[PDB]
$ cat query.txt   # compact mmCIF, N, CA and C atoms and all ligand atoms
# COMPACT_ATOMS: atom_id res chain seq x y z
N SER P 1 117.32 148.09 196.06
CA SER P 1 118.63 148.39 195.50
C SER P 1 118.98 149.86 195.67
N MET P 2 120.20 150.20 195.29
CA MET P 2 120.69 151.57 195.31
C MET P 2 120.31 152.27 194.01
N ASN P 3 120.21 153.60 194.08
CA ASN P 3 120.02 154.38 192.87
C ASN P 3 121.25 154.21 191.97
N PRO P 4 121.07 154.21 190.66
CA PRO P 4 122.22 154.27 189.77
C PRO P 4 122.81 155.67 189.80
N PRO P 5 124.08 155.82 189.43
CA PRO P 5 124.62 157.16 189.27
C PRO P 5 123.83 157.91 188.22
N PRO P 6 123.77 159.24 188.31
CA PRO P 6 123.07 160.02 187.30
C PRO P 6 123.75 159.89 185.95
N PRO P 7 123.13 160.37 184.88
CA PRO P 7 123.82 160.38 183.59
C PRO P 7 125.01 161.32 183.61
N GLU P 8 125.98 161.03 182.76
CA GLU P 8 127.12 161.91 182.59
C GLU P 8 126.65 163.30 182.21
N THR P 9 127.21 164.31 182.87
CA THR P 9 126.88 165.70 182.56
C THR P 9 128.08 166.51 182.10
N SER P 10 129.29 165.97 182.19
CA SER P 10 130.50 166.68 181.81
C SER P 10 131.47 165.70 181.19
N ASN P 11 132.20 166.16 180.18
CA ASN P 11 133.18 165.33 179.48
C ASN P 11 134.24 166.23 178.87
N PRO P 12 135.43 166.28 179.46
CA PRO P 12 136.51 167.08 178.86
C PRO P 12 136.97 166.58 177.50
N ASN P 13 136.70 165.32 177.15
CA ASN P 13 137.13 164.78 175.87
C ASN P 13 136.19 165.14 174.72
N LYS P 14 135.13 165.88 174.99
CA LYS P 14 134.25 166.32 173.91
C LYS P 14 134.51 167.78 173.57
N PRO P 15 134.45 168.16 172.30
CA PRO P 15 134.57 169.58 171.94
C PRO P 15 133.37 170.37 172.44
N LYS P 16 133.57 171.68 172.58
CA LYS P 16 132.53 172.57 173.08
C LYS P 16 132.27 173.71 172.10
N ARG P 17 131.02 174.17 172.08
CA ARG P 17 130.61 175.29 171.24
C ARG P 17 129.30 175.86 171.79
N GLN P 18 129.02 177.11 171.42
CA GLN P 18 127.81 177.82 171.82
C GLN P 18 127.10 178.34 170.58
N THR P 19 125.78 178.15 170.52
CA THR P 19 124.99 178.61 169.39
C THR P 19 123.75 179.34 169.88
N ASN P 20 123.10 180.03 168.94
CA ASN P 20 121.84 180.70 169.22
C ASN P 20 120.71 179.73 169.56
N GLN P 21 120.87 178.44 169.25
CA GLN P 21 119.89 177.43 169.63
C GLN P 21 120.17 176.87 171.02
N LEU P 22 121.44 176.68 171.35
CA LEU P 22 121.80 176.05 172.62
C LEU P 22 121.53 176.99 173.79
N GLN P 23 121.85 178.28 173.64
CA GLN P 23 121.49 179.25 174.67
C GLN P 23 119.97 179.37 174.80
N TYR P 24 119.26 179.36 173.67
CA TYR P 24 117.80 179.38 173.71
C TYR P 24 117.25 178.17 174.46
N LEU P 25 117.87 177.00 174.25
CA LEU P 25 117.40 175.79 174.94
C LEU P 25 117.58 175.90 176.45
N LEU P 26 118.62 176.59 176.90
CA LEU P 26 118.83 176.77 178.33
C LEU P 26 118.08 177.98 178.87
N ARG P 27 118.05 179.07 178.11
CA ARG P 27 117.52 180.34 178.61
C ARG P 27 116.00 180.42 178.50
N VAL P 28 115.42 179.79 177.48
CA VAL P 28 113.99 179.86 177.21
C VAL P 28 113.31 178.54 177.52
N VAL P 29 113.83 177.44 176.98
CA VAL P 29 113.15 176.15 177.08
C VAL P 29 113.31 175.55 178.47
N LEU P 30 114.56 175.36 178.91
CA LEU P 30 114.78 174.73 180.21
C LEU P 30 114.20 175.58 181.33
N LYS P 31 114.41 176.90 181.27
CA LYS P 31 113.95 177.77 182.35
C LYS P 31 112.43 177.78 182.45
N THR P 32 111.74 177.89 181.31
CA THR P 32 110.28 177.91 181.33
C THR P 32 109.72 176.60 181.88
N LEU P 33 110.27 175.48 181.42
CA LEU P 33 109.80 174.18 181.92
C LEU P 33 110.12 174.02 183.40
N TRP P 34 111.28 174.51 183.84
CA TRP P 34 111.65 174.36 185.24
C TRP P 34 110.66 175.06 186.15
N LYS P 35 110.17 176.22 185.73
CA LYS P 35 109.30 177.06 186.54
C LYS P 35 107.82 176.70 186.41
N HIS P 36 107.50 175.70 185.58
CA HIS P 36 106.12 175.25 185.43
C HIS P 36 105.64 174.57 186.71
N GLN P 37 104.34 174.72 187.00
CA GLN P 37 103.81 174.19 188.25
C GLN P 37 103.93 172.67 188.35
N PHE P 38 104.03 171.97 187.22
CA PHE P 38 104.11 170.51 187.23
C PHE P 38 105.54 170.00 187.13
N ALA P 39 106.53 170.86 187.27
CA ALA P 39 107.90 170.46 186.93
C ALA P 39 108.58 169.62 188.00
N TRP P 40 108.10 169.66 189.25
CA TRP P 40 108.90 169.12 190.34
C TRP P 40 109.25 167.63 190.22
N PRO P 41 108.40 166.73 189.71
CA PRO P 41 108.85 165.33 189.57
C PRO P 41 109.94 165.14 188.54
N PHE P 42 110.22 166.15 187.71
CA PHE P 42 111.13 166.02 186.58
C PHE P 42 112.42 166.81 186.76
N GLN P 43 112.63 167.40 187.93
CA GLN P 43 113.77 168.29 188.16
C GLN P 43 115.02 167.57 188.65
N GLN P 44 114.97 166.24 188.79
CA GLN P 44 116.12 165.48 189.25
C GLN P 44 115.92 164.02 188.85
N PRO P 45 116.98 163.21 188.85
CA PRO P 45 116.81 161.77 188.63
C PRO P 45 115.75 161.19 189.56
N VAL P 46 114.99 160.23 189.04
CA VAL P 46 113.97 159.57 189.84
C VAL P 46 114.65 158.88 191.02
N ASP P 47 114.27 159.28 192.24
CA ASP P 47 114.83 158.72 193.46
C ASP P 47 114.05 157.45 193.81
N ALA P 48 114.44 156.35 193.18
CA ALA P 48 113.70 155.10 193.32
C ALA P 48 113.73 154.55 194.74
N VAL P 49 114.75 154.88 195.53
CA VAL P 49 114.78 154.38 196.90
C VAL P 49 113.87 155.22 197.79
N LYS P 50 113.84 156.54 197.59
CA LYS P 50 112.96 157.39 198.37
C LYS P 50 111.50 157.11 198.04
N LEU P 51 111.19 156.87 196.77
CA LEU P 51 109.83 156.64 196.32
C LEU P 51 109.42 155.17 196.37
N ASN P 52 110.33 154.28 196.76
CA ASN P 52 110.05 152.85 196.90
C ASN P 52 109.56 152.28 195.56
N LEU P 53 110.33 152.56 194.50
CA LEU P 53 110.09 152.04 193.16
C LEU P 53 111.27 151.14 192.79
N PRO P 54 111.29 149.90 193.29
CA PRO P 54 112.41 149.00 192.97
C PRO P 54 112.42 148.53 191.53
N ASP P 55 111.36 148.79 190.77
CA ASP P 55 111.29 148.37 189.38
C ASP P 55 111.69 149.46 188.40
N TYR P 56 111.80 150.72 188.85
CA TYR P 56 111.98 151.82 187.91
C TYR P 56 113.22 151.62 187.04
N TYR P 57 114.37 151.37 187.65
CA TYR P 57 115.59 151.23 186.87
C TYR P 57 115.79 149.83 186.32
N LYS P 58 114.86 148.91 186.57
CA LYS P 58 114.79 147.71 185.75
C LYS P 58 113.99 147.95 184.48
N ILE P 59 113.10 148.94 184.49
CA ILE P 59 112.26 149.27 183.35
C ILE P 59 112.86 150.39 182.52
N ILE P 60 113.44 151.39 183.18
CA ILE P 60 113.97 152.58 182.52
C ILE P 60 115.48 152.42 182.43
N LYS P 61 115.99 152.11 181.24
CA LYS P 61 117.41 151.87 181.05
C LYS P 61 118.14 153.04 180.39
N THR P 62 117.43 154.09 179.99
CA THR P 62 118.04 155.36 179.60
C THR P 62 117.41 156.48 180.43
N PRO P 63 117.80 156.59 181.70
CA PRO P 63 117.22 157.64 182.55
C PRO P 63 117.54 159.02 182.01
N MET P 64 116.63 159.97 182.25
CA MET P 64 116.95 161.36 181.94
C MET P 64 115.93 162.24 182.66
N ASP P 65 116.36 163.45 183.00
CA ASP P 65 115.58 164.39 183.80
C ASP P 65 116.07 165.80 183.50
N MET P 66 115.28 166.79 183.93
CA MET P 66 115.64 168.18 183.65
C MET P 66 116.87 168.64 184.42
N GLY P 67 117.12 168.08 185.60
CA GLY P 67 118.33 168.45 186.33
C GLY P 67 119.58 168.06 185.57
N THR P 68 119.57 166.86 184.98
CA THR P 68 120.68 166.43 184.14
C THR P 68 120.78 167.28 182.88
N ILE P 69 119.64 167.59 182.26
CA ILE P 69 119.64 168.42 181.05
C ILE P 69 120.21 169.80 181.36
N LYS P 70 119.80 170.39 182.48
CA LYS P 70 120.34 171.69 182.87
C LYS P 70 121.85 171.63 183.01
N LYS P 71 122.36 170.58 183.66
CA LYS P 71 123.81 170.45 183.84
C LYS P 71 124.53 170.25 182.51
N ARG P 72 123.94 169.45 181.62
CA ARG P 72 124.57 169.21 180.32
C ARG P 72 124.67 170.50 179.52
N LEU P 73 123.61 171.31 179.54
CA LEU P 73 123.65 172.61 178.89
C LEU P 73 124.72 173.50 179.53
N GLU P 74 124.78 173.51 180.86
CA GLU P 74 125.72 174.39 181.56
C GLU P 74 127.17 174.00 181.31
N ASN P 75 127.45 172.71 181.10
CA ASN P 75 128.80 172.23 180.88
C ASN P 75 129.17 172.14 179.41
N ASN P 76 128.33 172.67 178.51
CA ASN P 76 128.52 172.54 177.07
C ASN P 76 128.76 171.08 176.68
N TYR P 77 127.91 170.21 177.23
CA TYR P 77 127.98 168.78 176.91
C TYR P 77 127.44 168.50 175.52
N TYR P 78 126.45 169.28 175.07
CA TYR P 78 125.83 169.11 173.77
C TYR P 78 126.60 169.89 172.72
N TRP P 79 126.87 169.26 171.58
CA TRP P 79 127.37 169.98 170.41
C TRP P 79 126.23 170.50 169.54
N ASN P 80 125.21 169.68 169.32
CA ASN P 80 124.05 170.06 168.51
C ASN P 80 122.82 170.21 169.39
N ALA P 81 121.92 171.10 168.97
CA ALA P 81 120.66 171.27 169.68
C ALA P 81 119.83 169.99 169.66
N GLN P 82 119.95 169.17 168.62
CA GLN P 82 119.12 167.97 168.55
C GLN P 82 119.44 167.02 169.69
N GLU P 83 120.68 167.04 170.18
CA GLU P 83 121.05 166.19 171.31
C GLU P 83 120.24 166.57 172.54
N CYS P 84 120.09 167.87 172.78
CA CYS P 84 119.32 168.33 173.93
C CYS P 84 117.84 168.01 173.76
N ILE P 85 117.31 168.23 172.55
CA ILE P 85 115.91 167.91 172.28
C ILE P 85 115.64 166.43 172.49
N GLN P 86 116.59 165.58 172.08
CA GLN P 86 116.43 164.14 172.28
C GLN P 86 116.35 163.81 173.77
N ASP P 87 117.15 164.50 174.59
CA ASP P 87 117.13 164.22 176.02
C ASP P 87 115.79 164.61 176.64
N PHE P 88 115.22 165.75 176.23
CA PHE P 88 113.88 166.09 176.69
C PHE P 88 112.88 165.02 176.29
N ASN P 89 112.94 164.56 175.04
CA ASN P 89 112.01 163.54 174.58
C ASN P 89 112.21 162.23 175.35
N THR P 90 113.46 161.86 175.61
CA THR P 90 113.72 160.68 176.42
C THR P 90 113.09 160.82 177.80
N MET P 91 113.17 162.01 178.39
CA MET P 91 112.56 162.24 179.70
C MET P 91 111.06 161.98 179.67
N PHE P 92 110.36 162.59 178.71
CA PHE P 92 108.91 162.43 178.66
C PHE P 92 108.52 160.99 178.39
N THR P 93 109.20 160.34 177.44
CA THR P 93 108.87 158.96 177.12
C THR P 93 109.19 158.01 178.26
N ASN P 94 110.21 158.30 179.07
CA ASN P 94 110.44 157.52 180.28
C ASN P 94 109.21 157.53 181.18
N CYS P 95 108.63 158.71 181.40
CA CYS P 95 107.45 158.81 182.24
C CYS P 95 106.30 158.00 181.66
N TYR P 96 106.07 158.12 180.35
CA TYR P 96 105.00 157.37 179.70
C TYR P 96 105.26 155.87 179.75
N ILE P 97 106.52 155.45 179.64
CA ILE P 97 106.85 154.03 179.67
C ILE P 97 106.57 153.43 181.04
N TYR P 98 107.00 154.12 182.09
CA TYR P 98 106.89 153.57 183.44
C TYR P 98 105.45 153.59 183.93
N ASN P 99 104.65 154.52 183.45
CA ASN P 99 103.29 154.70 183.93
C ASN P 99 102.31 154.23 182.87
N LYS P 100 101.03 154.48 183.12
CA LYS P 100 99.98 154.06 182.22
C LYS P 100 99.15 155.26 181.79
N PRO P 101 98.53 155.20 180.61
CA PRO P 101 97.75 156.34 180.12
C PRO P 101 96.70 156.79 181.12
N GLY P 102 96.64 158.09 181.36
CA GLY P 102 95.66 158.63 182.27
C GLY P 102 96.04 158.63 183.73
N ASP P 103 97.22 158.11 184.09
CA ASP P 103 97.74 158.36 185.43
C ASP P 103 97.94 159.86 185.62
N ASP P 104 97.75 160.32 186.85
CA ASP P 104 97.93 161.74 187.13
C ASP P 104 99.31 162.22 186.72
N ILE P 105 100.35 161.42 187.00
CA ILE P 105 101.71 161.83 186.69
C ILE P 105 101.89 161.98 185.18
N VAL P 106 101.17 161.17 184.40
CA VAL P 106 101.24 161.25 182.94
C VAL P 106 100.60 162.53 182.43
N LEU P 107 99.49 162.95 183.06
CA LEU P 107 98.87 164.21 182.69
C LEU P 107 99.83 165.37 182.91
N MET P 108 100.62 165.28 183.98
CA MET P 108 101.66 166.26 184.29
C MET P 108 102.70 166.33 183.17
N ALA P 109 103.25 165.17 182.80
CA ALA P 109 104.27 165.13 181.75
C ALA P 109 103.71 165.62 180.42
N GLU P 110 102.44 165.30 180.13
CA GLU P 110 101.87 165.71 178.85
C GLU P 110 101.73 167.22 178.76
N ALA P 111 101.36 167.88 179.87
CA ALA P 111 101.29 169.33 179.87
C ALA P 111 102.66 169.94 179.62
N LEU P 112 103.69 169.41 180.28
CA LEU P 112 105.05 169.91 180.07
C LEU P 112 105.51 169.65 178.65
N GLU P 113 105.22 168.46 178.12
CA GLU P 113 105.62 168.14 176.75
C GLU P 113 104.93 169.05 175.75
N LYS P 114 103.64 169.35 175.97
CA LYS P 114 102.94 170.28 175.08
C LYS P 114 103.62 171.64 175.08
N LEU P 115 103.98 172.15 176.26
CA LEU P 115 104.70 173.42 176.34
C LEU P 115 106.08 173.31 175.70
N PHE P 116 106.79 172.21 175.97
CA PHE P 116 108.07 171.96 175.31
C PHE P 116 107.94 172.03 173.80
N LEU P 117 106.99 171.28 173.23
CA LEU P 117 106.85 171.26 171.77
C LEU P 117 106.50 172.63 171.23
N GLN P 118 105.71 173.41 171.97
CA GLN P 118 105.43 174.77 171.53
C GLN P 118 106.70 175.60 171.46
N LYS P 119 107.61 175.41 172.43
CA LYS P 119 108.81 176.23 172.46
C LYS P 119 109.84 175.75 171.45
N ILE P 120 109.82 174.46 171.11
CA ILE P 120 110.71 173.95 170.07
C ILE P 120 110.20 174.32 168.68
N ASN P 121 108.88 174.40 168.51
CA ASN P 121 108.32 174.90 167.25
C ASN P 121 108.67 176.36 167.00
N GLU P 122 109.30 177.04 167.96
CA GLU P 122 109.75 178.41 167.81
C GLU P 122 111.27 178.52 167.97
N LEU P 123 111.98 177.43 167.70
CA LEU P 123 113.43 177.44 167.86
C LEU P 123 114.06 178.36 166.81
N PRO P 124 115.04 179.18 167.20
CA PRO P 124 115.65 180.10 166.24
C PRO P 124 116.56 179.37 165.26
N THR P 125 116.63 179.93 164.05
CA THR P 125 117.55 179.42 163.04
C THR P 125 118.99 179.67 163.48
N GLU P 126 119.87 178.74 163.11
CA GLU P 126 121.27 178.81 163.52
C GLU P 126 121.96 180.08 163.02
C1 LIG Z 201 101.87 162.50 190.99
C2 LIG Z 201 102.90 161.99 192.01
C3 LIG Z 201 102.54 161.03 192.93
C4 LIG Z 201 103.50 160.57 193.87
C5 LIG Z 201 103.13 159.51 194.89
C6 LIG Z 201 104.77 161.08 193.85
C7 LIG Z 201 105.12 162.05 192.92
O1 LIG Z 201 106.47 162.59 192.92
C8 LIG Z 201 107.30 161.90 192.00
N1 LIG Z 201 108.60 162.17 191.98
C9 LIG Z 201 109.43 161.55 191.13
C10 LIG Z 201 108.93 160.60 190.26
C11 LIG Z 201 107.54 160.34 190.29
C12 LIG Z 201 106.87 159.29 189.33
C13 LIG Z 201 107.17 159.02 187.99
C14 LIG Z 201 108.27 159.66 187.09
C15 LIG Z 201 108.85 158.84 186.11
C16 LIG Z 201 109.86 159.36 185.27
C17 LIG Z 201 110.24 160.67 185.44
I1 LIG Z 201 111.76 161.44 184.18
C18 LIG Z 201 109.67 161.50 186.41
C19 LIG Z 201 108.65 160.97 187.24
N2 LIG Z 201 106.35 158.08 187.58
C20 LIG Z 201 105.55 157.77 188.59
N3 LIG Z 201 105.86 158.50 189.65
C21 LIG Z 201 105.18 158.42 190.94
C22 LIG Z 201 105.61 157.23 191.71
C23 LIG Z 201 104.49 156.52 191.92
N4 LIG Z 201 103.51 156.94 190.72
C24 LIG Z 201 102.38 156.64 190.96
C25 LIG Z 201 101.82 155.68 189.86
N5 LIG Z 201 101.56 156.38 188.60
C26 LIG Z 201 103.64 158.19 190.67
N6 LIG Z 201 106.78 161.00 191.16
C27 LIG Z 201 104.18 162.51 191.99
$ encode --input "query.txt" --output "structure tokens"
Amino acid sequence: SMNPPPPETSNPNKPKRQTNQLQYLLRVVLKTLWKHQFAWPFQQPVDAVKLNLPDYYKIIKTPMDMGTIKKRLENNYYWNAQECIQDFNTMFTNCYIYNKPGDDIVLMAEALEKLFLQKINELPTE
């Protein structure tokens, strides 16, 4: 099958705002995770046709990735920081759902999630 379209990253019908948490999520959290040595499988929607995974989008019905998260932050798609944090968590749990414990790819996601959780445990007050 064909890849599904990526998640929505822009919406003019939503209000926009900037906070000390949302800039931190893009400037500190997204950037640090992007530059991590294990980040490359998570920097764009899973290309199920390139990777020959015809089951991925039958199994993963809420896709999410760091490329989409970066765009959502850049377009002020999120009103609250929790929305962005939820998208990161959806990304990691997608990897765990599609794979099995102890797969190499899962070890990759777990390292990124550990770093993510460390950086969220230091999120600034509004
Ligand atoms: C370590 C590795 C190996 C290979 C062959 C390619 C690769 O590159 C890559 N790119 C993109 C996606 C994936 C991926 C994901 C995944 C799922 C949700 C999200 I959000 C992000 C990634 N789950 C599995 N895979 C790969 C497919 C086959 N699988 C092997 C069975 N465990 C490993 N891998 C990395």
$ residues_around --input "query.txt" --residues "segment 45-54 of chain P" --least-positions-apart "5" --cutoff "8 Å" --atoms "only N, CA and C atoms" --output "number ranges by chain"
P: 1-4, 6-7, 59, 63-68
$ residues_near_ligand --input "query.txt" --ligand "ligand LIG 201 (chain Z)" --cutoff "6.5 Å" --atoms "all atoms listed in the file" --output "list in words"
residues 40, 41, 42, 46, 47, 51, 64, 65, 66, 91, 92, 94, 95, 96, 98, 99, 100, 103, 104, 105 and 106 of chain P
$ atom_distance --input "query.txt" --atom1 "atom CA of residue 113 of chain P" --atom2 "atom CA of residue 18 of chain P"
24.7 Å
$ axis_aligned_box --input "query.txt" --around "segment 66-84 of chain P" --padding-each-side "8 Å" --output "JSON"
{"center_x": 122.2, "center_y": 170.3, "center_z": 177.4, "size_x": 29.9, "size_y": 24.2, "size_z": 33.8}
$ atom_distance --input "query.txt" --atom1 "atom CA of residue 76 of chain P" --atom2 "atom CA of residue 17 of chain P"
6.8 Å
$ closest_residue --input "query.txt" --among "P:123, P:112, P:73, P:85" --to "residue 9 of chain P" --atoms "only N, CA and C atoms"
P:73
$ atom_distance --input "query.txt" --atom1 "atom C of residue 114 of chain P" --atom2 "atom N of residue 37 of chain P"
12.3 Å
$ select_by_dssp --input "query.txt" --residues "segment 11-124 of chain P" --states "helix (DSSP H, G or I)" --output "MDAnalysis selection string"
chainID P and resid 20:34 40:42 56:59 66:74 81:98 104:120
$ residues_around --input "query.txt" --residues "residue 69 of chain P" --least-positions-apart "6" --cutoff "8 Å" --atoms "all atoms listed in the file" --output "list in words"
residues 9, 26, 30, 43, 75, 84, 87 and 88 of chain P
$ write_last_selection --input "query.txt" --atoms "N, CA and C atoms" --output "PDB file, in the frame of the given file"
ATOM      1  N   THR P   9     127.210 164.310 182.870  1.00  0.00           N
ATOM      2  CA  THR P   9     126.880 165.700 182.560  1.00  0.00           C
ATOM      3  C   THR P   9     128.080 166.510 182.100  1.00  0.00           C
ATOM      4  N   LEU P  26     118.620 176.590 176.900  1.00  0.00           N
ATOM      5  CA  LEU P  26     118.830 176.770 178.330  1.00  0.00           C
ATOM      6  C   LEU P  26     118.080 177.980 178.870  1.00  0.00           C
ATOM      7  N   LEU P  30     114.560 175.360 178.910  1.00  0.00           N
ATOM      8  CA  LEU P  30     114.780 174.730 180.210  1.00  0.00           C
ATOM      9  C   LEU P  30     114.200 175.580 181.330  1.00  0.00           C
ATOM     10  N   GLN P  43     112.630 167.400 187.930  1.00  0.00           N
ATOM     11  CA  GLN P  43     113.770 168.290 188.160  1.00  0.00           C
ATOM     12  C   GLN P  43     115.020 167.570 188.650  1.00  0.00           C
ATOM     13  N   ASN P  75     127.450 172.710 181.100  1.00  0.00           N
ATOM     14  CA  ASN P  75     128.800 172.230 180.880  1.00  0.00           C
ATOM     15  C   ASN P  75     129.170 172.140 179.410  1.00  0.00           C
ATOM     16  N   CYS P  84     120.090 167.870 172.780  1.00  0.00           N
ATOM     17  CA  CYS P  84     119.320 168.330 173.930  1.00  0.00           C
ATOM     18  C   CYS P  84     117.840 168.010 173.760  1.00  0.00           C
ATOM     19  N   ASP P  87     117.150 164.500 174.590  1.00  0.00           N
ATOM     20  CA  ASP P  87     117.130 164.220 176.020  1.00  0.00           C
ATOM     21  C   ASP P  87     115.790 164.610 176.640  1.00  0.00           C
ATOM     22  N   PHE P  88     115.220 165.750 176.230  1.00  0.00           N
ATOM     23  CA  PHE P  88     113.880 166.090 176.690  1.00  0.00           C
ATOM     24  C   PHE P  88     112.880 165.020 176.290  1.00  0.00           C
TER      25      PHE P  88
END
$ closest_residue --input "query.txt" --among "P:90, P:78, P:115, P:44" --to "residue 62 of chain P" --atoms "all atoms listed in the file"
P:90
$ closest_residue --input "query.txt" --among "P:117, P:126, P:71, P:108" --to "residue 10 of chain P" --atoms "only N, CA and C atoms"
P:71
$ closest_residue --input "query.txt" --among "P:77, P:121, P:36, P:86" --to "residue 12 of chain P" --atoms "only C-alpha atoms"
P:77
$ closest_residue --input "query.txt" --among "P:32, P:58, P:39, P:80" --to "residue 116 of chain P" --atoms "all atoms listed in the file"
P:32
$ closest_residue --input "query.txt" --among "P:61, P:119, P:16, P:72" --to "residue 29 of chain P" --atoms "only N, CA and C atoms"
P:119
$ build_atoms --input "query.txt" --residues "segment 31-49 of chain P" --atoms "N, CA, C and O atoms" --output "PDB file, in the coordinates of the input"
ATOM      1  N   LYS P  31     114.410 176.900 181.270  1.00  0.00           N
ATOM      2  CA  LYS P  31     113.950 177.770 182.350  1.00  0.00           C
ATOM      3  C   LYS P  31     112.430 177.780 182.450  1.00  0.00           C
ATOM      4  O   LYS P  31     111.872 177.681 183.547  1.00  0.00           O
ATOM      5  N   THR P  32     111.740 177.890 181.310  1.00  0.00           N
ATOM      6  CA  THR P  32     110.280 177.910 181.330  1.00  0.00           C
ATOM      7  C   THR P  32     109.720 176.600 181.880  1.00  0.00           C
ATOM      8  O   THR P  32     108.798 176.603 182.704  1.00  0.00           O
ATOM      9  N   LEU P  33     110.270 175.480 181.420  1.00  0.00           N
ATOM     10  CA  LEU P  33     109.800 174.180 181.920  1.00  0.00           C
ATOM     11  C   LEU P  33     110.120 174.020 183.400  1.00  0.00           C
ATOM     12  O   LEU P  33     109.302 173.469 184.154  1.00  0.00           O
ATOM     13  N   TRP P  34     111.280 174.510 183.840  1.00  0.00           N
ATOM     14  CA  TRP P  34     111.650 174.360 185.240  1.00  0.00           C
ATOM     15  C   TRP P  34     110.660 175.060 186.150  1.00  0.00           C
ATOM     16  O   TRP P  34     110.332 174.561 187.235  1.00  0.00           O
ATOM     17  N   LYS P  35     110.170 176.220 185.730  1.00  0.00           N
ATOM     18  CA  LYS P  35     109.300 177.060 186.540  1.00  0.00           C
ATOM     19  C   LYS P  35     107.820 176.700 186.410  1.00  0.00           C
ATOM     20  O   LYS P  35     106.986 177.320 187.068  1.00  0.00           O
ATOM     21  N   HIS P  36     107.500 175.700 185.580  1.00  0.00           N
ATOM     22  CA  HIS P  36     106.120 175.250 185.430  1.00  0.00           C
ATOM     23  C   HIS P  36     105.640 174.570 186.710  1.00  0.00           C
ATOM     24  O   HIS P  36     106.409 173.926 187.429  1.00  0.00           O
ATOM     25  N   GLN P  37     104.340 174.720 187.000  1.00  0.00           N
ATOM     26  CA  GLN P  37     103.810 174.190 188.250  1.00  0.00           C
ATOM     27  C   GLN P  37     103.930 172.670 188.350  1.00  0.00           C
ATOM     28  O   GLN P  37     103.925 172.130 189.459  1.00  0.00           O
ATOM     29  N   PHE P  38     104.030 171.970 187.220  1.00  0.00           N
ATOM     30  CA  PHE P  38     104.110 170.510 187.230  1.00  0.00           C
ATOM     31  C   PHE P  38     105.540 170.000 187.130  1.00  0.00           C
ATOM     32  O   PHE P  38     105.746 168.800 186.919  1.00  0.00           O
ATOM     33  N   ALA P  39     106.530 170.860 187.270  1.00  0.00           N
ATOM     34  CA  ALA P  39     107.900 170.460 186.930  1.00  0.00           C
ATOM     35  C   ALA P  39     108.580 169.620 188.000  1.00  0.00           C
ATOM     36  O   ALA P  39     109.535 168.908 187.679  1.00  0.00           O
ATOM     37  N   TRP P  40     108.100 169.660 189.250  1.00  0.00           N
ATOM     38  CA  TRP P  40     108.900 169.120 190.340  1.00  0.00           C
ATOM     39  C   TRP P  40     109.250 167.630 190.220  1.00  0.00           C
ATOM     40  O   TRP P  40     110.367 167.268 190.632  1.00  0.00           O
ATOM     41  N   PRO P  41     108.400 166.730 189.710  1.00  0.00           N
ATOM     42  CA  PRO P  41     108.850 165.330 189.570  1.00  0.00           C
ATOM     43  C   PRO P  41     109.940 165.140 188.540  1.00  0.00           C
ATOM     44  O   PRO P  41     110.531 164.057 188.490  1.00  0.00           O
ATOM     45  N   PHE P  42     110.220 166.150 187.710  1.00  0.00           N
ATOM     46  CA  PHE P  42     111.130 166.020 186.580  1.00  0.00           C
ATOM     47  C   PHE P  42     112.420 166.810 186.760  1.00  0.00           C
ATOM     48  O   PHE P  42     113.223 166.876 185.831  1.00  0.00           O
ATOM     49  N   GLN P  43     112.630 167.400 187.930  1.00  0.00           N
ATOM     50  CA  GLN P  43     113.770 168.290 188.160  1.00  0.00           C
ATOM     51  C   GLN P  43     115.020 167.570 188.650  1.00  0.00           C
ATOM     52  O   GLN P  43     116.041 168.220 188.884  1.00  0.00           O
ATOM     53  N   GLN P  44     114.970 166.240 188.790  1.00  0.00           N
ATOM     54  CA  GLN P  44     116.120 165.480 189.250  1.00  0.00           C
ATOM     55  C   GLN P  44     115.920 164.020 188.850  1.00  0.00           C
ATOM     56  O   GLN P  44     114.789 163.620 188.537  1.00  0.00           O
ATOM     57  N   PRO P  45     116.980 163.210 188.850  1.00  0.00           N
ATOM     58  CA  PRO P  45     116.810 161.770 188.630  1.00  0.00           C
ATOM     59  C   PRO P  45     115.750 161.190 189.560  1.00  0.00           C
ATOM     60  O   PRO P  45     115.610 161.608 190.713  1.00  0.00           O
ATOM     61  N   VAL P  46     114.990 160.230 189.040  1.00  0.00           N
ATOM     62  CA  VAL P  46     113.970 159.570 189.840  1.00  0.00           C
ATOM     63  C   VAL P  46     114.650 158.880 191.020  1.00  0.00           C
ATOM     64  O   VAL P  46     115.516 158.021 190.848  1.00  0.00           O
ATOM     65  N   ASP P  47     114.270 159.280 192.240  1.00  0.00           N
ATOM     66  CA  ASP P  47     114.830 158.720 193.460  1.00  0.00           C
ATOM     67  C   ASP P  47     114.050 157.450 193.810  1.00  0.00           C
ATOM     68  O   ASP P  47     113.135 157.455 194.634  1.00  0.00           O
ATOM     69  N   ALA P  48     114.440 156.350 193.180  1.00  0.00           N
ATOM     70  CA  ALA P  48     113.700 155.100 193.320  1.00  0.00           C
ATOM     71  C   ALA P  48     113.730 154.550 194.740  1.00  0.00           C
ATOM     72  O   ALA P  48     112.810 153.822 195.124  1.00  0.00           O
ATOM     73  N   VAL P  49     114.750 154.880 195.530  1.00  0.00           N
ATOM     74  CA  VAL P  49     114.780 154.380 196.900  1.00  0.00           C
ATOM     75  C   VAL P  49     113.870 155.220 197.790  1.00  0.00           C
ATOM     76  O   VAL P  49     113.166 154.680 198.655  1.00  0.00           O
TER      77      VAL P  49
END
